[PDB]
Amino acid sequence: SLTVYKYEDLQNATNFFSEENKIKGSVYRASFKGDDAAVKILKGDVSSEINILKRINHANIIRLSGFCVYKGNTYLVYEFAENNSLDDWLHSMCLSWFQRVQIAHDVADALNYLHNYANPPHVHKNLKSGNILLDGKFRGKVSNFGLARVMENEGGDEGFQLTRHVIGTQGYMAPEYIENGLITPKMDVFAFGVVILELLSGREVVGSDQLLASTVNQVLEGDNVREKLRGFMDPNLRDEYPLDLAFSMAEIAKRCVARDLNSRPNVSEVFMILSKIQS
């Protein structure tokens, strides 16, 4: 039943939605009850979707405190994630090697829960650096896994950024989806592969137009792999990383970004890999 909220308490926490808003028009910061939160405004009663998706709770998934339906709109209150999104940090203090490995581990931990032990399993479909939030200890918190996906919303929209949805599509989406709409948990594995590549290189998923998911193959192929990998590594790490474990992590990302979905590993395997190379 989560926690039923009175719309009043939401107005006061958000200063009556007084450009206390985070970037997203529907995303506001609510300061109240000591622990801060984030309020997302959604059109129409989406209560039915919550009663299904509310099954998904995990330490590394953005937690839903509750919801409120007021005058034809649904206001959802999530745990506030200070330090914003991984994209902000990778494309802007800099995340150390330890932190980058921790974040990859939390995401693999959440993807492992979603694909196997969520009752029933659920495919994310929208795993991106911008959706992976961080908390005060820079731990991962997956977010836009439902109802915020482009065509998952029952109430369609025309306040839509086409060029932006398409940029993320080419950089994160697996080929079997772009070509046939084939939706399997392997598409999350492909996306998760690109995230790791972002964590290792800090590069844009689509650079200035080469995709970050095709460069890892050239970096690990042929000869002089050590030198090509050093150059691939994020400069901001400044040698403060074990090149051995970086190559290993880059290897598990290449398998994740393979074109054949059945060749890709299950996230459960990636979760076991990241846990053994962790501190």
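Throughout, we count residues from 1 along the sequence that is shown.
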| query | finding |
| --- | --- |
| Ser208-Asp209 interval: deposited residues absent from the model | 4 to 9 |
| Size class of the missing deposited segment between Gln161 and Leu162 | none |
| Segment of higher mean CA temperature factor, 151-159 or 177-185 | 151-159 |
| Stretch with the greater mean C-alpha B-factor as recorded in the entry, comparing 99-107 against 161-169 | 161-169 |
| Criterion, highest CA B-factor; candidates, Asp239, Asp234, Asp244, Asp36 | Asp36 |
| Identity of residue with top Cα B-factor, from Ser214, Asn57, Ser65, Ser48 | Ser48 |
| Position of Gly72 among the chain's modelled residues by C-alpha B-factor, lowest, middle or highest third | highest |
| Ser129, C-alpha B-factor rank within chain (lowest, middle or highest third) | lowest |
| Relative C-alpha B-factor of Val4, binned into the chain's lowest, middle or highest third | highest |
| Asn266 CA temperature factor, ranked by third within the chain | lowest |
| Relative C-alpha B-factor of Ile41, binned into the chain's lowest, middle or highest third | highest |
